[PDB]
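K.L.:
Experimental coordinates follow, after the sequence.
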Amino acid sequence: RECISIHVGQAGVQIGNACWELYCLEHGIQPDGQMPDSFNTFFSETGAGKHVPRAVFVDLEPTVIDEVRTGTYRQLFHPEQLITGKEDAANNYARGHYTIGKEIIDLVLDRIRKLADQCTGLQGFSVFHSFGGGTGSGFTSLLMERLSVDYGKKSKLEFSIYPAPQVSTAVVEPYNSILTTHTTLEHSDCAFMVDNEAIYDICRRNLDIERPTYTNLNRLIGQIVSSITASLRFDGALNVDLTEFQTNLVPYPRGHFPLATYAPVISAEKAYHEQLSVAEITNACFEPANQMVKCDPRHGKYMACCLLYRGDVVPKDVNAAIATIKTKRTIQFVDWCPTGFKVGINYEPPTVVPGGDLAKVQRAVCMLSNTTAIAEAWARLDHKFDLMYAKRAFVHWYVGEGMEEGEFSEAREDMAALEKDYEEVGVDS
Amino acid sequence: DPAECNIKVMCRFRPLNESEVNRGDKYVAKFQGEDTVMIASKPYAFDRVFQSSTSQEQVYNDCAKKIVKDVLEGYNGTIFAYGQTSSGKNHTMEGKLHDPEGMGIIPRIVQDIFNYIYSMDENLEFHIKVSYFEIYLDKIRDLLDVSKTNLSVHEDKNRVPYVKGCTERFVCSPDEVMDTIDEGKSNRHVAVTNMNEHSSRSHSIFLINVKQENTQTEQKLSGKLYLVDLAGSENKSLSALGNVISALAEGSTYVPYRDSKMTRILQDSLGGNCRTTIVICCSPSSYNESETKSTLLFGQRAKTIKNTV
Amino acid sequence: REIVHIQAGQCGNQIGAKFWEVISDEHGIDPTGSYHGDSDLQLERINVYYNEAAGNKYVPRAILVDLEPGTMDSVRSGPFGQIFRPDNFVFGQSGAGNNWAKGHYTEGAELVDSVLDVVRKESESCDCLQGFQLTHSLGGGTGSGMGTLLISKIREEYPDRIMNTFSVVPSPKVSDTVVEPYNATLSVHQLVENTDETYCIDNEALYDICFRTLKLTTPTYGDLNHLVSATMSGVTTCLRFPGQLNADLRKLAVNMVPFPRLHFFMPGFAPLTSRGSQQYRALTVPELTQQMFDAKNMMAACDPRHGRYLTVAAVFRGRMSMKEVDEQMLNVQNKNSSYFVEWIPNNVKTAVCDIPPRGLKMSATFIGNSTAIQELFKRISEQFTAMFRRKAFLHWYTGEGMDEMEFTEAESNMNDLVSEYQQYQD
Ligand SMILES: Nc1nc2c(ncn2[C@@H]2O[C@H](COP(=O)(O)OP(=O)(O)OP(=O)(O)O)[C@@H](O)[C@H]2O)c(=O)[nH]1
Ligand SMILES: Nc1nc2c(ncn2[C@@H]2O[C@H](COP(=O)(O)OP(=O)(O)O)[C@@H](O)[C@H]2O)c(=O)[nH]1
């Protein structure tokens, strides 16, 4: 029934604090834990008057988890559930996965085994990491790694924030992301992806603001995510379990990575304008300028979409708005796939931050999907890697951290067959 | 100078064993031609590929023989054994030191040098000096003298590198050399809990300096041959070696010798106008397909055939 | 995390006084007083540079190494001079001769053990050690020789913790000493092989940047020092503050050093405007990158425009948009694709603290790893040969127990170091 969550890496933690915020916000549970089953699949009723968090937090520098235990919400989690390794983060996979990151893992696991026990027939762990980091790429790599073995019998949906197409940060980023992909690939169930840059566009083009603090992108994913777990694990006219996803969403064992998209992104101050039609939002979903991912459907044929709706929506409205789409053709779906539209309908409309910059409509569409499109995104990220590896660039930083010419070269070959995979499962009939 | 990167690479697969067959073990290696081995359908060509049955004699003739002549010729050279632990590095380098059949490259080399000397004996005056030391954790220890630990590399007046304070012993005969090797092996042991772990982890370096002066001609010749049994590839020196080989393969003017003590000591004997043979050893055996891939890749750093894109 | 500063020589020492003059105020620590901190955040991370004993006495955890009493006795007899625990003063009343050899083999070699002693007392302080900060000048005895030894020993004792080195490479135009290239070439040698992050500053790159970028007409040393100390505060201490995207010595190291040499950088501060007038506040951000990335404004002597970059680290520290930051960096990377090396898709390492330099609204330290610094070791290396050739003031070295092969060594080494660096400019 439930779904634990492990927010790994400063980012996965910032995004975590965010997604975690939106939560209580739409569940009437003040930062003090108290509200005045349903949603029990994400919150344990420690007694008692409180709620607490049904997740954990893993960063190797204290800085970021520290800030959580300062700002209201400080009261929300258990002093315990926020894991730290005073040591060093290191923007390098190796160190975070092998060398350092190792020391903590046990302890980390312990919670996802201590928190996994306390519950009642769970469904999986929504993992939150930032592909191109040290604690986010490496560590998790083995966290998800140690999970796929300790609970192979569950769902492993990892929600990632993969490398901005041109606006990356770390100098090595690809090293860290070609490595988190190959090690997690054979361990995840469904990997959701939200592109940091391609989200900015949305903040520039669909909300207008050249002042987007990280604290915003987080509010956004913090939204799209709320549409995944939160509301879905919440009763409705067309419920969709976590398993449901991976089933209706992955055509093949590769921990396939769909893309997250939201429909109503419109800025407060617009807040009064006449609302958008069920048809418009539906249509907005097929626009490559509103998908939290720089993977513009440049050719990538969709192969399965899970249209999660929430708010006031008439099933016919959908079983029509989608019909219209199924026949737009310029939206070309894979061949071997007749119908690939999982319509998920929830009741409770979205819930926008009291005064951030999100419109606040009475219905939204968080559609996610597997698109032969990422054939690109992976490509462009793989190429990166080579260029540097081709010269070993910052290689001495990993080797000296318990890695080898193996893990790199052999994780490169890995993704290679991910460029062929995402190519074969499509483009051909 | 000569060719630039006179590096030859030979891949040696270890014998199949009754124990392995008994286990039912599983199959890496397919052979094609003299030069190529195929693993996971990928072909890897090398100067030569030796299958499991190859004799010590065959390895010596193909790998070492010419190098020894060069050393007598007055040139420097290096021979390496590279591979995972239990790949067959020691067997290849030393083998059974005393057994005529069983002996490895080093014994065969010593035998050849003296035999050559005995033949000449005309007006050539020879002097042979040997050194035996190991590198562990990038530290150098004298196998001949246990007191000399954490030695440092230095360059002399004329750029030749040397290990300061390293024992140099003049050897008259093959027996003397073997005893020296035996001594080093013994000296290695002490203060070592696990020889297996220690041996795989420390690179052993045996140096044969052959100097000669023809009384009549008066031309003097000196050649150094470094025999190296590397640590298991499954290491700072290994990486340093990889960088140096790749640089040589590229034909780069600047080579990264400084990256390790090993490469620094070796600088006069590796690359440039020196012959170098690297014998990568591999188990055919099932598990470490992956390790062999790495070894093959490492060998590839040096220049081979490049494929079409 | 933590670090332990090291004031080698007089210069490195003189600067200590300025690095600590600053840093303290950037941490509300009065002479012997405690934390008067205008805020409460300038304390949760202090440890990085101090120690808890009394309860109002957080003492700087640095080392003061020098063979000339008068110096440390000027730093200890002035302003903040009375905050260092006397134990910190590792003096060498000997003759602090201006010979690299006199402070590395003969005179300094003695005072070393009595230093390492303390460098261990401070390292084994508490929590977890990160690395050590090292200040000095490569143009003297107690600086290049003895300080270059202090590290060769440090890097044998903890090849784990990092080693940032702040060197005052011999300024071109005029040398404030005569053997300079001797004391220098010899110390750079030791650097390229122990510390793993070096920030080279030039007394004349400063003057310039201090007499034209600060209409300042009488730039006393105190100033230069002050400017420098401003950068080393942005680097370390800073990142030991919160941030949307924070880094720390390692990130800085693990994002800036493509190849093990250690490589040397060139620090640059952001708001560098003259007092009154200039106080233009044009600091939205494009103004900071405008600054940082120009030729002048690079504490180094060489000009970036004279050679690609391998890495760059804009360590900003003042509330800004991860968008207007992450963005700017890009155009910058495209307007100058020419010089920025290509085999690194994203040379730049954007870093972002929160709290800014006490009295300022927005700043950003720049740590550039450009191939341009080739044209400096060249310089140095030249000066050597031109004088080595004639063994100029060599008797002051050898006569101190040195080697004719020692000088050869260094030059070559450091000389090769020039070579390599070009391997990327191409
Ligand atoms: N959407 C979003 N992306 C973020 C956030 N914080 C960081 N990122 C992105 O995630 C990556 C940064 O990872 P880091 O913060 O360097 O590292 P980490 O993954 O936390 O782990 P470490 O390297 O060991 O510190 C970059 O690509 C950032 O653009 C955030 O709050 N929201
Ligand atoms: N920026 C700066 N440079 C200094 C200071 N003091 C000496 N220098 C420089 O250091 C060099 C001289 O070395 P010095 O510090 O006297 O050596 P030592 O005292 O014998 O170790 C010259 O290039 C000076 O410009 C200072 O307080 N600030």
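P.N.:
Structure's in. What do you need? Numbers count the residues shown, from 1 in each chain, chains lettered A, B, ... in the order given. Ligands and ions are numbered 1, 2, ... in the order given.
K.L.:
Centre-most residue in chain A?
P.N.:
residue A:159 (2.3 Å; C-alpha atoms, centre = their mean).
K.L.:
Leaving out sequence neighbours, find the closest residue to it.
P.N.:
What sits nearest to residue A:159 in space, not counting adjacent residues and going by C-beta to C-beta, 6 or more residues apart in numbering or on different chains, is residue A:192, at 4.5 Å. Backbone N, C-alpha and C define where each C-beta goes, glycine included.
K.L.:
The one you found against residue A:162, yeah?
P.N.:
No: applying C-beta atoms under 8 Å as the test, residue A:192 and residue A:162 come out as separate, 10.0 Å apart.
K.L.:
chain center to stretch C:138-148: distance?
P.N.:
14 Å (C-alpha atoms, centre = their mean, to the nearest Å).
K.L.:
Span of that stretch from start to end?
P.N.:
End-to-end span of stretch C:138-148 (C-alpha to C-alpha, to the nearest Å): 9 Å.
K.L.:
Please apply the same query to stretch A:113-132.
P.N.:
End-to-end for stretch A:113-132, by C-alpha to C-alpha: 27 Å.
K.L.:
Is that stretch positioned near chain C?
P.N.:
No: against chain C, stretch A:113-132 shows no contacts by C-beta under 8 Å from any C-beta of the partner chain, the least distance being 10.3 Å.
K.L.:
In that stretch, which of the residues would be classed as buried?
P.N.:
Neighbour-count burial for stretch A:113-132, counted by 16 or more other C-beta atoms under 10 Å in any protein chain shown, picks out A:115-116, A:119, A:122-132.
K.L.:
the strands in the stretch 1-150 of chain C, which residues?
P.N.:
Using DSSP state E, counting those that start in this stretch, the strands of the stretch 1-150 of chain C run over C:5-8, C:62-66, C:89-91, C:131-136.
K.L.:
wait, which of those is closest to residue B:246?
P.N.:
strand C:131-136 (30.9 Å; C-beta to C-beta).
K.L.:
Could I have the CA atoms of that closest one written out in CSV?
P.N.:
Output in CSV follows, covering the C-alpha atoms of strand C:131-136 (Å, rounded to 0.1, in the frame of the first residue of the first chain):
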residue,chain,number,x,y,z
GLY,C,131,43.4,20.1,4.6
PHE,C,132,45.9,22.9,5.3
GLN,C,133,46.2,26.4,4.0
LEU,C,134,49.8,27.5,3.1
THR,C,135,50.9,31.1,2.6
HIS,C,136,54.4,32.1,1.6
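K.L.:
Pull the number of nearby residues for residue A:149.
P.N.:
Residues within reach of residue A:149, counting by other C-beta atoms under 10 Å in any protein chain shown, total 8.
K.L.:
Look up how far residue A:103 lies from it.
P.N.:
From residue A:149 over to residue A:103 the distance is 19 Å, taken as C-beta to C-beta, to the nearest Å.
K.L.:
again with residue B:292
P.N.:
32 Å.
K.L.:
the more surrounded of the two?
P.N.:
Remark: of residue B:292 and residue A:103, residue B:292 carries more neighbours, 27 against 12, as counted by other C-beta under 10 Å.
K.L.:
where does that one fall, helix, sheet strand or coil?
P.N.:
Following DSSP: H, G, I helix; E, B strand; the rest coil, we place residue B:292 in the helix state.
K.L.:
check contacts around it.
P.N.:
Residue B:292 sits next to B:28-29, B:39, B:84, B:282-283 when contact means C-beta atoms under 8 Å, 6 or more residues apart in numbering or on different chains.
K.L.:
For ChimeraX, what selects the buried ones among these?
P.N.:
Under the burial definition 16+ other C-beta under 10 Å, those of the contacts of residue B:292 that qualify are selected in ChimeraX by:
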select /B:28,29,39,84,282,283
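K.L.:
Tell me the one of the contacts of residue B:292 nearest residue C:390?
P.N.:
Among the contacts of residue B:292, and counting by C-beta to C-beta, the member closest to residue C:390 is residue B:84, at 55.2 Å.
K.L.:
Show me which residues of the stretch 301-426 of chain C are close to chain B?
P.N.:
C:405, C:409, C:413, C:416, C:419-420, C:423.
K.L.:
Reformat those residues as a markdown table; add secondary structure.
P.N.:
Formatted as a markdown table, those follow (three-state DSSP):
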| residue | secondary structure |
| --- | --- |
| C:405 | helix |
| C:409 | helix |
| C:413 | helix |
| C:416 | helix |
| C:419 | helix |
| C:420 | helix |
| C:423 | helix |
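K.L.:
Buried ones among those?
P.N.:
C:413, C:416, C:420.
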